[PDB]
Amino acid sequence: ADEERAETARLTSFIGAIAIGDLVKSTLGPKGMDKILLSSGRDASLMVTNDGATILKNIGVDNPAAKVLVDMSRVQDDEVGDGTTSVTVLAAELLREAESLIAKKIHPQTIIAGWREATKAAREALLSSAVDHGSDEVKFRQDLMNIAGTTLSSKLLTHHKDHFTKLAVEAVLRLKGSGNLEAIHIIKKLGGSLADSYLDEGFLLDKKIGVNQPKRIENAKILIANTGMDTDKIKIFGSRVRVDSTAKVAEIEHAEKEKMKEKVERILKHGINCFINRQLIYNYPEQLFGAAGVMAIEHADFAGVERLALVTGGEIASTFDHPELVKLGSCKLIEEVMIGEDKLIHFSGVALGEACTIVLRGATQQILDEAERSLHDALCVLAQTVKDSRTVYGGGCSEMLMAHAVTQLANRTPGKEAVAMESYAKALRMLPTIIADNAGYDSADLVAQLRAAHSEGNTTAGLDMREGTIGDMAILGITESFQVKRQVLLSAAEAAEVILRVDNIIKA
Amino acid sequence: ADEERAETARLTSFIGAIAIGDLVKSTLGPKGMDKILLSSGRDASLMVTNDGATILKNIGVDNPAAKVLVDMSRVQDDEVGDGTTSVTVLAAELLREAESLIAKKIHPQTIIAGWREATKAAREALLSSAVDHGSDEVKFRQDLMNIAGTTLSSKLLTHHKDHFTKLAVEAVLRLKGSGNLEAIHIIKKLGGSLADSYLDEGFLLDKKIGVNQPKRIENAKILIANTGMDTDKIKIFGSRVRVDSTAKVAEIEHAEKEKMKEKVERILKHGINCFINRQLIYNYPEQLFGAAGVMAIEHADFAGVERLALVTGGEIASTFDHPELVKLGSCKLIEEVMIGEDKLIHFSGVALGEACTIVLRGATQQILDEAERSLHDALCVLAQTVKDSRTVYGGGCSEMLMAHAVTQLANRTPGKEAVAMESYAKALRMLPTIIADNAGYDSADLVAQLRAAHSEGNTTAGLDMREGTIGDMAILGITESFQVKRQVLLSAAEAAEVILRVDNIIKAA
Amino acid sequence: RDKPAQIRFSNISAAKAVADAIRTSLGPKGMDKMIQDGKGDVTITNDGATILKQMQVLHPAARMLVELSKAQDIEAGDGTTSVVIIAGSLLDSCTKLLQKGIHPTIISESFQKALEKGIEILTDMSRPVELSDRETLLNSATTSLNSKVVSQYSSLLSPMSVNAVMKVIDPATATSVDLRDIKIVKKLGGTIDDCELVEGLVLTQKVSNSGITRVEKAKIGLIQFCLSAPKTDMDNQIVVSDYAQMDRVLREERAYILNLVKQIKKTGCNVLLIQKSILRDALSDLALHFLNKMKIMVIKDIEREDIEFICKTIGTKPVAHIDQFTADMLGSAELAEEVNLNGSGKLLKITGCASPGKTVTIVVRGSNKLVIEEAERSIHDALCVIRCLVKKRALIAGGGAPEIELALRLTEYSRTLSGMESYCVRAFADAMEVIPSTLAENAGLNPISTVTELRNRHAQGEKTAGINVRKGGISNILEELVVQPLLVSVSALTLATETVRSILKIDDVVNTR
Amino acid sequence: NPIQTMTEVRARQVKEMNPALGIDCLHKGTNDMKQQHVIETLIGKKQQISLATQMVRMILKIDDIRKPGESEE
């Protein structure tokens with residue numbers, strides 16, 4: 001078939017990945033600008049997207065440049081957080097920088113190993129600016145406030161940043177390391193209060209309970225089972241087929257009613273009031289469950305059970321022949337509440353504790369979903385933050401110091417990679433420029449004098465573009481766990497150096 | 001008249017003037033490669049240049065911004081001598097910067113702003129690389145011999161420079177603190193060898209009337225004159241050209257002879273043994289000077305009769321307006337003597353002690369006028385080198401030094417000024433690329449190492465286009481005088497800065 | 001690159017012409033649209049307040065404005081064009097400011113700063129009028145109803161609108177009297193004269209024929225239960241091949257269910273709203289007519305409207321199979337009334353019931369649904385403008401007129417800000433003079449007499465007043481009886497501000513595959 | 001920025017009146033029209049206005065833009 005050659009393979013390396021690098025960087029850093037994703041292909045609509053992966057994934061990747069950075073920077077955001085922009089944008093800037101060095105054509109080993117050493121030197125120079133705010137657990141709480149508060153930025157939210165500013169702290173603070181969600185269960189519904197988010201005791205669910213099954217189930221013993229039916233319950237006797245012909249059509253529709261009545265038996269053997277099964281029923285069986293005495297709460301949810309499992313002591317286990325093999329969560333009450341014109345059901349019996357349930361509210365899910373991701377990217381950096389509390393004061397005040405300091409490491413240290421560690425230093429100030437015009441400040445004195453200035457020990461005073469002014473990134477809280485600014489440069493320059501190493505793209 | 005706004009003129013400014021900085025940087029360095037001279041509109045006959053000033057003088061350019069450089073080229077080439085191809089490229093080096101800077105939204109006001117201060121930052125670093133050599137005469141001897149022939153390096157004929165620069169330093173060695181290039185009589189004269197190019201102590205004339213006027217004289221009085229003979233100057237000795245009557249036109253000749261003959265007298269009656277005329281001498285007064293013991297040399301060199309007036313102590317006759325009255329040139333020695341293949345009239349005992357005649361002897365005039373083109377630009381630097389005896393470390397050394405200096409200053413400045421000033425010292429770093437890439441050797445190796453070398457700071461290791469690699473500037477002779485650099489550092493950024501204020505160009509052409 | 005500008009310009013371009021083709025508004029202007037579609041389908045459209053939603057436009061910012069067209073309509077229900085007419089008033093300044101050396105960010109808060117100060121001044125020109133006042137309800141309805149479909153039946157609808165709101169009124173200058181609350185139901189037959197305000201919950205269902213309950217003593221509907229019978233929920237081993245044994249199955253199926261429906265009437269039920277689902281057939285057509293033998297109002301496949309309102313008002317839940325009888329989760333009902341006025345229409349009226357202190361159910365009638373919708377959308381928007389006056393208690397200049405008052409005065413705040421966006425404000429502060437002259441757009445010959453005057457008509461009236469756009473004659477724009485609560489106009493500005501500010505962040509080229 | 005430096009004295013003119021200090025012709029960081037020492041006769045500025053505001057009106061002179069077809073050649 002086909003083989004793409006050095007120039008074009010390096011050109012094609014620069015066409016798609018720099019493109020997708022240009023898309024999200026409008027958002028990245030501080031916010032003087034945002035990105036909007038036009039959707040004409042999947043629909044006729046608009047998607048406001050500050051989200052790297054969204055712009056990465058919703059744009060199909062045919063390009064060995066774009067496929068990589070869409071693949072790389074996603075994993076970058078999947079691990080470090082806010083990394084869909086990181087690898088993509090930073091490499092895109094470097095793929096811009098790889099051009100000229102390849103264009104003026106140093107042999108690539110320079111362009112390869114120059115930034116290789118420089119990416120470290122970048123990290124190194126910025127590893128100097130990395131400082132733990134984890135001094136006190138309340139200061140680390142505040143270190144979790146500014147680091148997560150920085151990670152929540154540029155990602156469109158309403159009160160969700162304020163909710164998940166502390167709740168990202170709360171999750172990793174009581175878990176004490178490894179920012180994740182096992183301790184707060186996110187159950188997202190559309191509520192009346194637009195920006196408001198609140199704690200969910202136990203967890204809540206949706207259903208309308210009519211007929212004989214009472215609308216309320218009191219003193220709830222949750223029997224946790226993955227055993228459930230939909231229309232019917234098939235089993236040893238539950239497997240029967242009457243139809244060889246056109247005669248049994250009217251008869252075969254009779255016995256389906258018994259398969260509705262047969263499963264109701266084995267749970268009465270268990271005798272436990274609340275029986276949670278994950279699967280739907282019809283109403284006529286609901287009429288059969290209501291007279292059973294073992295309450296069928298229709299379509300239970302997984303996360304809320306894990307919520308109960310931690311604080312109550314209950315369990316979701318396998319091989320369910322008996323209640324004994326299932327540890328029983330003890331819940332106060334089970335009620336049908338009418339919330340809006342939708343009728344809801346709620347479980348209780350716990351107060352916060354080891355786990356929690358978080359229930360978001362609003363008109364649409366676009367405000368709800370980006371919250372847990374902006375939470376997640378915090379969680380990723382907050383997984384970094386307990387390990388390394390180092391909070392490096394950013395906006396490019398962290399980034400351009402590398403541009404300043406690596407230039408020092410560029411000038412003397414490398415022989416022919418001086419130009420490379422210079423070329424790598426260029427991208428380090430480059431988003432500070434494209435975010436400077438977004439908030440309307442001189443890129444130059446910023447990316448030129450201030451990188452010298454804030455490298456004098458002015459690292460405090462730093463780059464916040466909502467404004468066009470320089471400000472302290474300890475007081476302005478634009479900063480994160482410095483592991484967020486390391487692995488990104490690594491898989492960024494690499495993803496730039498991956499396709500920089502590429503002089504042939506062989507297309508089969 | 002059509003108004004050129006910013007990018008229209010400015011791109012047109014770049015494309016010509018940077019390419020004007022290119023075919024000249026193609027000549028930059030002795031291993032700046034030969035450019036066959038393809039002339040524009042006339043003279044298909046082709047020299048091949050290692051010096052871009054030729055191209056600038058040979059090839060005309062339609063770009064007005066490029067029409068500026070040739071003059072700035074000639075600024076160096078005439079005023080400063082060497083630095084000619086170089087003043088053109090460094091501007092282009094700074095123009096390549098403003099390529100971005102303009103399209104990079106930087107207004108040319110700012111683009112000048114840093115380069116305003118940045119010009120001295122390199123100057124001052126090159127004031128730092130300015131160190132006085134030649135503080136001793138032997139130093140001055142070798143400090144000349146340093147940058148004398150160094151002027152001749154890129155300039156196409158660096159070979160007879162062996163004999164030439166020795167001549168060139170000796171005459172300026174004779175100057176002894178007082179630079180006089182008119183006391184050096186420059187005679188480019190065919191015959192003999194090119195290593196037969198010569199330096200007389202005295203004055204000299206390439207003009208020889210012949211041997212029918214006294215050839216050698218001691219204690220000779222030279223009349224320095226525009227005085228005419230068949231030309232019929234003032235003060236009638238007998239009828240000059242006129243018709244006053246029927247036969248008055250006939251009374252001319254015989255009494256014009258007497259007029260020519262008493263224009264011997266007036267001229268002779270100075271007591272001269274030599275009459276040197278920047279104008280015609282008729283054969284009878286000529287030979288009647290030859291019969292008077294007077295050497296009458298016809299239409300003797302304008303600059304010669306002028307330098308003979310300067311070096312020998314002579315006054316021009318005011319064109320015979322001093323028939324007896326003009327102060328003579330006085331040179332105790334008259335020598336009609338063959339340098340090369342031609343008898344040349346040598347004058348010693350002249351008024352000036354620094355008075356000398358450098359006789360450049362063409363074995364061919366193409367090298368001869370080239371010797372003379374390589375002669376004076378040295379002498380330009382030499383008189384500079386005389387007045388300021390000193391060097392600066394070339395071959396990219398002080399370049400990268402200034403580069404690492406101004407850039408790290410562009411690193412401590414870096415306001416609007418560094419936007420120019422980082423653009424500034426990069427040119428100081430980019431010219432080291434030019435000579436080494438002219439040398440056909442990787443600059444990114446050497447430059448970025450020369451960077452490191454001058455990021456350590458350096459006066460010594462610099463890119464030697466002779467070696468094609470980084471090498472010592474100890475004053476090895478590739479260490480340049482502070483003379484040209486300051487001028488180029490002054491002159492180069494100008495044309496850049498000059499076009500920087502005028503992007504607006506109104507063209508009725 | 002160039003990619004952001006063009007499409008963002010196109011976002012300002014393609015949406016503007018749509019927003020520019022908008023303003024014919026307020027009454028007799030232009031000529032009717034009998035619309036061959038982009039597909040060729042021919043469609044007649046008038047009174048473009050509704051045509052906004054009806055308009056089908058593609059392109060990212062252009063379809064945005066139809067989605068922005070409901071933005072005024074969704075919450076308010078009055079002056080639906082107010083956001084769409086200004087959808088291009090911001091796009092006015094958009095081009096210039098992008099071209100002025102002003103950043104889309106500096107243009108972004110520009111919309112805000114112009115929005116912030118705009119709704120501020122509108123409060124000064126908002127004349128607060130009593131939230132519960134019959135007039136400020138009636139006249140808000142009237143003025144709207146005057147512009148809405150029926151100008152005569154207004155005198156019926158306006159008090160019914162008042163009476164529907166004043167029933168559900170939660171008197172406030174904040175959110176009250178929601179749209180989920182007031183239940184607006186339609187009934188074939190009667191008249192708009194016979195359109196009946198009904199305080200109690202009236203479910204609109206398909207009731208089988210008559211000889212059923214118009215009378216008292218009914219246990220309410222909304223039942224999901226099937227009737228278990230042989231050949232329904234019960235096993236019959238009677239095999240069907242021969243016609244006789246195929247006949248034996250339906251007869252036991254039909255003979256049994258009539259006892260079930262008696263048990264359903266035994267519950268006290270004269271009404272069943274039957275689930276639109278089917279447990280098998282759920283209630284068969286055997287069961288349904290047997291229900292009609294018991295005078296039980298029964299609709300198989302009932303609408304979702306009477307499912308939730310019966311939960312909202314009567315507090316009703318499904319009850320079990322009637323052999324299993326009921327949990328009596330059916331809410332309290334007493335009068336089950338099917339109005340037959342000339343027999344037209346099936347209307348379930350529950351007079352007295354559980355009620356959430358709310359949900360007036362107004363039966364909207366007429367000779368036809370067209371006559372009905374003459375009242376319904378009118379009474380709705382009458383309710384709405386009343387709701388708007390319940391939402392915001394005030395009446396401002398109607399029809400976009402106050403924006404020209406807001407025009408001049410925002411040009412003053414163009415100076416007070418003294419910012420880079422003060423220029424942006426300035427460009428848009430003069431871009432709110434466009435609508436009244438532009439509303440005149442489309443009709444006819446010798447145009448220009450309308451234009452700069454409507455600009456000046458407030459300008460000449462200082463910051464006080466100008467001609468009304470919907471009425472006419474030199475007067476106060478504000479006090480006309482063309483009047484809308486402050487909500488409608490501060491809504492419109494808030495709505496167009498955002499979606500058009502998204503354009504500023506619309507950049508490059510990105511498309512979901 | 002032509003908008004921001006105009007915004008500069010805009011805020012300043014929302015503050016100071018008849019300012020001796022205004023934006024930079026001399027291109028300084030401070031903008032003081034007295035201490036930039038940009039100095040122009042108030043006659044000239046006045047006359048300039050009179051002269052600068054002049055031409056634009058003058059293209060309106062009579063109703064005749066009418067040309068034989070040559071308004072320039």
# chains A, B, ... in the order shown; residues from 1 in each chain; ligands from 1

call {"tool": "residues_around", "arguments": {"residues": "residue D:33", "least_positions_apart": "2", "cutoff": "8 Å", "atoms": "only C-alpha atoms", "output": "number ranges by chain"}}
result
D: 19-24, 31, 35-39

call {"tool": "select_by_dssp", "arguments": {"residues": "stretch 105-308 of chain B", "states": "strand (DSSP E)", "output": "ChimeraX atom specification"}}
result
/B:184-190,198-201,203-205,217-225,274-277,295-297

call {"tool": "write_last_selection", "arguments": {"atoms": "C-alpha atoms", "output": "PDB file, in the first residue's frame"}}
result
ATOM      1  CA  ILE B 184      49.986  57.921   0.531  1.00  0.00           C
ATOM      2  CA  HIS B 185      49.936  58.441  -3.210  1.00  0.00           C
ATOM      3  CA  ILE B 186      47.792  55.673  -4.651  1.00  0.00           C
ATOM      4  CA  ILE B 187      48.973  54.654  -8.120  1.00  0.00           C
ATOM      5  CA  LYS B 188      47.282  51.688  -9.755  1.00  0.00           C
ATOM      6  CA  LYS B 189      49.519  51.098 -12.713  1.00  0.00           C
ATOM      7  CA  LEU B 190      49.870  48.108 -15.004  1.00  0.00           C
ATOM      8  CA  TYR B 198      55.104  48.932  -4.502  1.00  0.00           C
ATOM      9  CA  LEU B 199      55.371  51.640  -1.857  1.00  0.00           C
ATOM     10  CA  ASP B 200      57.517  54.682  -2.626  1.00  0.00           C
ATOM     11  CA  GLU B 201      58.820  56.956   0.125  1.00  0.00           C
ATOM     12  CA  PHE B 203      55.618  61.362  -4.071  1.00  0.00           C
ATOM     13  CA  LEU B 204      55.388  59.826  -7.542  1.00  0.00           C
ATOM     14  CA  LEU B 205      53.678  60.257 -10.907  1.00  0.00           C
ATOM     15  CA  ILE B 217      66.877  66.157 -10.490  1.00  0.00           C
ATOM     16  CA  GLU B 218      68.140  66.877  -6.972  1.00  0.00           C
ATOM     17  CA  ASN B 219      66.851  69.895  -5.004  1.00  0.00           C
ATOM     18  CA  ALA B 220      64.211  70.214  -7.697  1.00  0.00           C
ATOM     19  CA  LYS B 221      61.506  72.848  -7.537  1.00  0.00           C
ATOM     20  CA  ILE B 222      58.227  71.396  -8.832  1.00  0.00           C
ATOM     21  CA  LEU B 223      55.731  73.855 -10.240  1.00  0.00           C
ATOM     22  CA  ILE B 224      52.266  72.555  -9.407  1.00  0.00           C
ATOM     23  CA  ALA B 225      50.010  74.001 -12.043  1.00  0.00           C
ATOM     24  CA  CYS B 274      60.275  70.393 -12.660  1.00  0.00           C
ATOM     25  CA  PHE B 275      56.962  71.748 -13.952  1.00  0.00           C
ATOM     26  CA  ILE B 276      54.119  69.353 -13.153  1.00  0.00           C
ATOM     27  CA  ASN B 277      50.974  70.344 -14.989  1.00  0.00           C
ATOM     28  CA  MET B 295      60.693  68.631 -16.151  1.00  0.00           C
ATOM     29  CA  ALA B 296      57.339  69.516 -17.719  1.00  0.00           C
ATOM     30  CA  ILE B 297      54.857  66.654 -17.286  1.00  0.00           C
TER      31      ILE B 297
END

call {"tool": "interface_residues", "arguments": {"of": "chain B", "to": "chain D", "cutoff": "12 Å", "atoms": "only C-alpha atoms", "output": "PyMOL selection string"}}
result
chain B and resi 105-107+109-110+113+415-416

call {"tool": "closest_atom_pairs", "arguments": {"of": "chain A", "to": "chain B", "cutoff": "10 Å", "atoms": "only C-alpha atoms", "output": "JSON lines"}}
result
{"residue": "A:101", "atom": "CA", "partner": "B:444", "partner_atom": "CA", "distance": 9.9}
{"residue": "A:104", "atom": "CA", "partner": "B:444", "partner_atom": "CA", "distance": 9.7}
{"residue": "A:105", "atom": "CA", "partner": "B:444", "partner_atom": "CA", "distance": 9.7}
{"residue": "A:106", "atom": "CA", "partner": "B:444", "partner_atom": "CA", "distance": 7.2}
{"residue": "A:107", "atom": "CA", "partner": "B:444", "partner_atom": "CA", "distance": 10.0}
{"residue": "A:110", "atom": "CA", "partner": "B:444", "partner_atom": "CA", "distance": 9.8}
{"residue": "A:404", "atom": "CA", "partner": "B:411", "partner_atom": "CA", "distance": 7.9}
{"residue": "A:407", "atom": "CA", "partner": "B:411", "partner_atom": "CA", "distance": 9.6}
{"residue": "A:408", "atom": "CA", "partner": "B:455", "partner_atom": "CA", "distance": 8.7}
{"residue": "A:409", "atom": "CA", "partner": "B:452", "partner_atom": "CA", "distance": 9.8}
{"residue": "A:410", "atom": "CA", "partner": "B:452", "partner_atom": "CA", "distance": 8.5}
{"residue": "A:411", "atom": "CA", "partner": "B:452", "partner_atom": "CA", "distance": 5.4}
{"residue": "A:412", "atom": "CA", "partner": "B:452", "partner_atom": "CA", "distance": 3.9}
{"residue": "A:413", "atom": "CA", "partner": "B:452", "partner_atom": "CA", "distance": 6.7}
{"residue": "A:414", "atom": "CA", "partner": "B:449", "partner_atom": "CA", "distance": 7.6}
{"residue": "A:415", "atom": "CA", "partner": "B:449", "partner_atom": "CA", "distance": 4.8}
{"residue": "A:416", "atom": "CA", "partner": "B:445", "partner_atom": "CA", "distance": 4.5}
{"residue": "A:417", "atom": "CA", "partner": "B:448", "partner_atom": "CA", "distance": 7.4}
{"residue": "A:418", "atom": "CA", "partner": "B:448", "partner_atom": "CA", "distance": 5.5}
{"residue": "A:419", "atom": "CA", "partner": "B:448", "partner_atom": "CA", "distance": 6.4}
{"residue": "A:420", "atom": "CA", "partner": "B:448", "partner_atom": "CA", "distance": 9.5}
{"residue": "A:442", "atom": "CA", "partner": "B:416", "partner_atom": "CA", "distance": 8.9}
{"residue": "A:443", "atom": "CA", "partner": "B:416", "partner_atom": "CA", "distance": 9.7}
{"residue": "A:444", "atom": "CA", "partner": "B:416", "partner_atom": "CA", "distance": 6.5}
{"residue": "A:445", "atom": "CA", "partner": "B:415", "partner_atom": "CA", "distance": 4.4}
{"residue": "A:446", "atom": "CA", "partner": "B:415", "partner_atom": "CA", "distance": 8.0}
{"residue": "A:447", "atom": "CA", "partner": "B:414", "partner_atom": "CA", "distance": 8.6}
{"residue": "A:448", "atom": "CA", "partner": "B:414", "partner_atom": "CA", "distance": 4.9}
{"residue": "A:449", "atom": "CA", "partner": "B:414", "partner_atom": "CA", "distance": 4.0}
{"residue": "A:450", "atom": "CA", "partner": "B:414", "partner_atom": "CA", "distance": 7.7}
{"residue": "A:451", "atom": "CA", "partner": "B:414", "partner_atom": "CA", "distance": 8.6}
{"residue": "A:452", "atom": "CA", "partner": "B:411", "partner_atom": "CA", "distance": 6.2}
{"residue": "A:453", "atom": "CA", "partner": "B:412", "partner_atom": "CA", "distance": 8.0}
{"residue": "A:456", "atom": "CA", "partner": "B:412", "partner_atom": "CA", "distance": 10.0}

call {"tool": "write_last_selection", "arguments": {"atoms": "N, CA and C atoms", "output": "mmCIF file, in the first residue's frame"}}
result
data_model
loop_
_atom_site.group_PDB
_atom_site.id
_atom_site.type_symbol
_atom_site.label_atom_id
_atom_site.label_comp_id
_atom_site.auth_asym_id
_atom_site.auth_seq_id
_atom_site.Cartn_x
_atom_site.Cartn_y
_atom_site.Cartn_z
ATOM 1 N N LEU A 101 12.824 23.502 13.666
ATOM 2 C CA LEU A 101 14.025 22.707 13.891
ATOM 3 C C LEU A 101 14.125 21.583 12.875
ATOM 4 N N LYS A 104 14.434 24.039 9.469
ATOM 5 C CA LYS A 104 15.849 24.377 9.352
ATOM 6 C C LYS A 104 16.705 23.129 9.504
ATOM 7 N N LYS A 105 16.071 22.021 9.882
ATOM 8 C CA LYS A 105 16.641 20.686 9.800
ATOM 9 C C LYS A 105 17.946 20.558 10.567
ATOM 10 N N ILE A 106 17.856 20.553 11.888
ATOM 11 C CA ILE A 106 18.854 19.902 12.716
ATOM 12 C C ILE A 106 18.558 18.420 12.566
ATOM 13 N N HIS A 107 19.561 17.578 12.752
ATOM 14 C CA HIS A 107 19.139 16.193 12.689
ATOM 15 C C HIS A 107 18.224 15.884 13.872
ATOM 16 N N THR A 110 18.840 15.678 17.816
ATOM 17 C CA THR A 110 18.803 16.921 18.574
ATOM 18 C C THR A 110 17.380 17.273 18.961
ATOM 19 N N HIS A 404 12.128 30.783 31.093
ATOM 20 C CA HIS A 404 13.277 31.555 31.547
ATOM 21 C C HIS A 404 14.434 30.649 31.949
ATOM 22 N N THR A 407 15.978 28.201 29.324
ATOM 23 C CA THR A 407 16.844 28.993 28.458
ATOM 24 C C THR A 407 18.256 29.053 29.020
ATOM 25 N N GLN A 408 18.381 29.285 30.330
ATOM 26 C CA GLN A 408 19.675 29.147 30.989
ATOM 27 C C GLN A 408 20.235 27.753 30.771
ATOM 28 N N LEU A 409 19.409 26.736 31.011
ATOM 29 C CA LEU A 409 19.818 25.371 30.735
ATOM 30 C C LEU A 409 19.962 25.119 29.244
ATOM 31 N N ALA A 410 19.342 25.956 28.412
ATOM 32 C CA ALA A 410 19.513 25.832 26.971
ATOM 33 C C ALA A 410 20.823 26.451 26.516
ATOM 34 N N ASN A 411 21.223 27.568 27.116
ATOM 35 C CA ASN A 411 22.335 28.328 26.558
ATOM 36 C C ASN A 411 23.657 27.598 26.772
ATOM 37 N N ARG A 412 24.058 27.423 28.030
ATOM 38 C CA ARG A 412 25.328 26.770 28.314
ATOM 39 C C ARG A 412 25.266 25.271 28.042
ATOM 40 N N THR A 413 24.305 24.580 28.654
ATOM 41 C CA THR A 413 24.429 23.133 28.836
ATOM 42 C C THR A 413 24.540 22.333 27.535
ATOM 43 N N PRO A 414 23.512 22.305 26.658
ATOM 44 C CA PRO A 414 23.594 21.422 25.484
ATOM 45 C C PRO A 414 24.410 22.009 24.338
ATOM 46 N N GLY A 415 25.155 21.174 23.630
ATOM 47 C CA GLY A 415 25.928 21.685 22.517
ATOM 48 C C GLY A 415 25.123 22.113 21.305
ATOM 49 N N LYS A 416 24.436 21.170 20.652
ATOM 50 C CA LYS A 416 23.552 21.522 19.546
ATOM 51 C C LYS A 416 22.081 21.487 19.944
ATOM 52 N N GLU A 417 21.791 21.055 21.167
ATOM 53 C CA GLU A 417 20.432 21.074 21.683
ATOM 54 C C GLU A 417 20.129 22.363 22.424
ATOM 55 N N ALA A 418 21.084 23.292 22.441
ATOM 56 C CA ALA A 418 20.814 24.631 22.942
ATOM 57 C C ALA A 418 19.612 25.235 22.240
ATOM 58 N N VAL A 419 19.609 25.197 20.909
ATOM 59 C CA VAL A 419 18.463 25.675 20.146
ATOM 60 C C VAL A 419 17.217 24.862 20.481
ATOM 61 N N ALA A 420 17.386 23.567 20.759
ATOM 62 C CA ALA A 420 16.244 22.728 21.103
ATOM 63 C C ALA A 420 15.680 23.091 22.470
ATOM 64 N N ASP A 442 -0.712 42.490 27.547
ATOM 65 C CA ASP A 442 0.473 42.308 26.725
ATOM 66 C C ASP A 442 1.039 40.926 26.989
ATOM 67 N N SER A 443 1.130 40.113 25.941
ATOM 68 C CA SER A 443 1.815 38.843 26.091
ATOM 69 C C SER A 443 3.271 39.078 26.448
ATOM 70 N N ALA A 444 3.876 40.118 25.871
ATOM 71 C CA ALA A 444 5.330 40.219 25.873
ATOM 72 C C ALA A 444 5.868 40.487 27.267
ATOM 73 N N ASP A 445 5.600 41.676 27.819
ATOM 74 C CA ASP A 445 6.100 41.996 29.153
ATOM 75 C C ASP A 445 5.770 40.873 30.120
ATOM 76 N N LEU A 446 4.592 40.276 29.950
ATOM 77 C CA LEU A 446 4.239 39.064 30.673
ATOM 78 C C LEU A 446 5.199 37.928 30.340
ATOM 79 N N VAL A 447 5.166 37.455 29.093
ATOM 80 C CA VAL A 447 5.899 36.239 28.759
ATOM 81 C C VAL A 447 7.376 36.526 28.582
ATOM 82 N N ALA A 448 7.769 37.796 28.640
ATOM 83 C CA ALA A 448 9.186 38.111 28.510
ATOM 84 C C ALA A 448 9.749 38.659 29.816
ATOM 85 N N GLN A 449 9.266 39.819 30.266
ATOM 86 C CA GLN A 449 9.848 40.407 31.469
ATOM 87 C C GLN A 449 9.439 39.630 32.705
ATOM 88 N N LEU A 450 8.170 39.236 32.779
ATOM 89 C CA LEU A 450 7.722 38.602 34.005
ATOM 90 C C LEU A 450 8.347 37.224 34.170
ATOM 91 N N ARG A 451 8.550 36.477 33.077
ATOM 92 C CA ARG A 451 9.260 35.209 33.217
ATOM 93 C C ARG A 451 10.646 35.440 33.793
ATOM 94 N N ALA A 452 11.290 36.537 33.402
ATOM 95 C CA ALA A 452 12.493 36.963 34.093
ATOM 96 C C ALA A 452 12.160 37.437 35.495
ATOM 97 N N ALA A 453 11.165 38.319 35.607
ATOM 98 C CA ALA A 453 10.740 38.814 36.910
ATOM 99 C C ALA A 453 10.361 37.669 37.836
ATOM 100 N N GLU A 456 12.968 35.702 39.304
ATOM 101 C CA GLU A 456 13.800 36.318 40.330
ATOM 102 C C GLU A 456 13.389 35.900 41.733
#

call {"tool": "select_by_dssp", "arguments": {"residues": "stretch 218-373 of chain C", "states": "helix (DSSP H, G or I)", "output": "ChimeraX atom specification"}}
result
/C:243-266,285-293,305-314,369-373

call {"tool": "atom_distance", "arguments": {"atom1": "atom CA of residue A:273", "atom2": "atom CA of residue A:302"}}
result
19.3 Å

call {"tool": "interface_residues", "arguments": {"of": "chain A", "to": "chain D", "cutoff": "12 Å", "atoms": "only C-alpha atoms", "output": "PyMOL selection string"}}
result
chain A and resi 437+440-442+468

call {"tool": "interface_residues", "arguments": {"of": "chain D", "to": "chain C", "cutoff": "12 Å", "atoms": "only C-alpha atoms", "output": "PyMOL selection string"}}
result
chain D and resi 1-15
